[PDB]
Student: 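Please see the structure below; I have some questions.
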Amino acid sequence: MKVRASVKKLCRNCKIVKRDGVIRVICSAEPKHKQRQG
Amino acid sequence: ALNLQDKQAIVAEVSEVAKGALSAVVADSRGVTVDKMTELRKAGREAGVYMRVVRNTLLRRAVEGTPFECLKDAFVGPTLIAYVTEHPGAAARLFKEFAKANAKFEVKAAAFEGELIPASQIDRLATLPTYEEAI
Amino acid sequence: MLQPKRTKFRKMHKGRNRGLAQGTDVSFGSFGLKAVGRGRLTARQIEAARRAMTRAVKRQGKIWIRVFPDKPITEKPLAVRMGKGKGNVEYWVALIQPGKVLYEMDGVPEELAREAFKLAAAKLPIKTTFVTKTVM
Amino acid sequence: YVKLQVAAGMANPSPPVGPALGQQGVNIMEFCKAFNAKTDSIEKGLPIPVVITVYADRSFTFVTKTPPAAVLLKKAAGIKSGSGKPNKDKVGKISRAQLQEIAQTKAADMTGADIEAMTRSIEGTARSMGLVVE
Amino acid sequence: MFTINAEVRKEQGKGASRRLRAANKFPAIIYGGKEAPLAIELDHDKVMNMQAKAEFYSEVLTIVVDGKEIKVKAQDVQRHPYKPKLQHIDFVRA
RNA sequence: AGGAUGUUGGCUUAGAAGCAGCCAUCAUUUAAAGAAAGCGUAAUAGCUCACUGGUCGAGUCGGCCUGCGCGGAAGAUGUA
Ligand SMILES: [Mg+2]
Ligand SMILES: [Mg+2]
């Protein structure tokens, strides 16, 4: 999990999701692409 | 995609081919690799038969022009038309052995005489001989 | 780092930075990076943003730098009390007003110019925007 | 099922052929001299592509095809190696005629409906390898 | 061919012109010829779309004001310093 | 569902086959299919994208101008 202030889609499979008021990036392909704004 | 000027031009050309030809054979061709198509193309060029895959919407359009209205209903699902422009039949023939042999796709309805031709009974065209067979 | 070759005086008053900018349109190239904020541009920031754009387009086309850091900024060293004269010149800045066109680019596609300008804007302390040449 | 490009009346070698289809279950000597047997008719020193076809019982059949366009274009330009930088460095100059010959051979192997089309493809190769058509 | 609907301005000055631009309009002026200059108002976003085309500054435009068409050409444009907006346009009678 | 042919493009390399790198990026059959967008192999193979036919049946796509919010946001006696 990358916890950074600027979360972005890193590939085609990255999806932006907002869970409990937290912007997150989930990627079905690359586990390295998992991010969360913080 | 295809601008409206494109599709109008696609219609026009398929219609012009329809005027010159004498026997149209329509078939599904879904689920066949391009090599077996490429093979069917050399068999069409060889046998003087014009081959096209075209949008069912778009076929209905220029097909309403001359005696090709019965075929409307043949344009549900993936469609491959076969225009034997020089000589009649041979396509109807060609498609069936090719149909049987490859057990993919089906063949729908043919059309000669301004009369739709039913899937099964196409065997009529698919047994009509050569032009130099009456000698 | 841009800097005047010589000057009439070494040190200048702080001054103020009011008003809107002059040179608010693309005059040399086809695309420009226009500042929408107000502030100072040090010579290092200008050079940093230039390198970011120069490498972004792989040294292609033409790039103009419409600003020039002609204002000297002095600083007093550490552990020094107030007074005893003005500090020594440490770096040069260019005052920026809203609407000032900072960089212009030509000879590259627009989609490439936007990425080049976006990479350069990340080095500058003021908010900027993308502009294109228009028929006056 | 494997595809090679083997020298006419030559076969067997280990770095060339051996290991390649040898590690698939293929009888080397058999294919070697069957291949050579049928490729005897080919001109000397024409590299010819063969598609080898093996079945679960390790037995095999194969088809011989016409030599590569690059090969025929190398020979038609009288050269040995295509350009290292095609269309930046020019090497060779086949006439429209040579193109046409190569095209008719490769026509036996093309998918072109006409001589012109096949020739254009061969030209495409010729361009791809820094040979100019002259 | 570009046709523009306009209204005559009731008052000029800095205070009036800023109230126009707050009301999604912007002033303009029509001079040229022997007639007196004419101060008008224009709807901003509608004119903003037309000036986005290169022929807007080359062809002859018609401005209907009090139901009267006037053939003019775009002479000069005052744009916002940093926003995609117009502040003033000079129209010269064709 | 297809995503093909010259062809393993040329060079390089032990190998370099769309996919280490360099150069080229044409042409064919096409409904469409890059001398290949990413994974994959020692190199092939193999997966997938671009693109297109089919099905579905009426909205959907992505920039601008703005209003108000969200994250960015960790301190010491006790909410503070
Ligand atoms: Mg006032
Ligand atoms: Mg506490």
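Below, all heavy atoms of this structure are taken into account, side chains as well, without hydrogens, waters or symmetry copies. In what follows, chains carry the letters A, B, and so on, assigned in the order in which the sequence lines appear, proteins first and then strands, with residues in each chain numbered from 1.
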Student: Could you write out RNA chain F as dot-bracket? Rules: Watson-Crick or G-U wobble, both distances under 3.5 Å, brackets [ ] for crossings, | for pairs with another strand, dot for unpaired.
Tutor: ((.(((..(((.........)))..))).........((......))...))............................
Student: Given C11(F), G9(F), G3(F), which nucleotide is nearest the side-chain atoms of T125(D)?
Tutor: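 Output: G9(F).
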Student: Would you classify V32(B) as touching base, sugar-phosphate or nothing, given that sugar-phosphate means primed atoms plus P, OP1 and OP2, and contacts are heavy atoms under 4.0 Å?
Tutor: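 Sugar-phosphate, no base atom in range.
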Student: Sign of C1'-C2'-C3'-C4' at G62(F): does that make it north or south?
Tutor: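 Of the two classes, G62(F) takes south, because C1'-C2'-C3'-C4' is negative.
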Student: Nearest to the side chain of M129(D) - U29(F), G3(F), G10(F)?
Tutor: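 Ranking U29(F), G3(F), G10(F) by closest atom to the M129(D) side chain puts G10(F) first.
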Student: Would you tell me if any nitrogen or oxygen in the side chain of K8(A) comes within less than 4.0 Å of OP1 or OP2 on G71(F)?
Tutor: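 Indeed not, no polar side-chain atom of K8(A) lies that close.
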Student: Ignoring backbone atoms, test whether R30(B) places a side-chain nitrogen or oxygen under 4.0 Å from the OP1 or OP2 oxygen of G54(F).
Tutor: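 No, no such contact exists.
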Student: Check whether any side-chain nitrogen or oxygen of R41(B) sits under 4.0 Å from OP1 or OP2 of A31(F), and answer yes or no.
Tutor: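 Yes, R41(B) has a side-chain N/O under 4.0 Å of OP1/OP2 on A31(F).
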Student: Heavy atoms only, 4.0 Å cut-off, all strands: where does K83(E) land among base, sugar-phosphate and nothing?
Tutor: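 Sugar-phosphate contact only - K83(E) comes under 4.0 Å of backbone atoms but never of a base.
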Student: Which part of the nucleic acid, if any, lies within contact of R12(A), taking any heavy atom under 4.0 Å across all strands shown: a base, the sugar-phosphate backbone alone, or nothing?
Tutor: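 Since no nucleic acid heavy atom lies under 4.0 Å of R12(A), the category is nothing.
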Student: Expressed in whole Å, how much space separates the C1' atoms belonging to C61(F) and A32(F)?
Tutor: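 Per the computed distance, 23 Å lies between those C1' atoms.
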Student: Taking only side-chain nitrogens and oxygens of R52(B), does any of them come within less than 4.0 Å of OP1 or OP2 of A32(F)?
Tutor: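 Looking at the OP1 and OP2 atoms of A32(F), neither is under 4.0 Å from any side-chain N or O of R52(B).
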Student: Once you round it to whole Å, what is the distance between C1' of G9(F) and CD1 of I102(D)?
Tutor: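 Rounded to whole Å, this separation is 14 Å.
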Student: Does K104(B) reach a base, just sugar-phosphate, or nothing at all? Heavy atoms under 4.0 Å.
Tutor: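 It contacts nothing in the nucleic acid.
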Student: Using a cut-off of less than 4.0 Å, is there contact between a side-chain N or O of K88(D) and OP1 or OP2 of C11(F)?
Tutor: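 No, because none of the side-chain N or O atoms of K88(D) sits under 4.0 Å from OP1 or OP2 of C11(F).
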Student: Is the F62(D)-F31(D) ring centre distance short of 6.0 angstrom?
Tutor: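 Distance test on ring centres: under 6.0 Å, yes.
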Student: Looking only at atom P, what distance separates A27(F) and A33(F), rounded to whole Å?
Tutor: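 Going atom to atom, P in each nucleotide, I get 13 Å.
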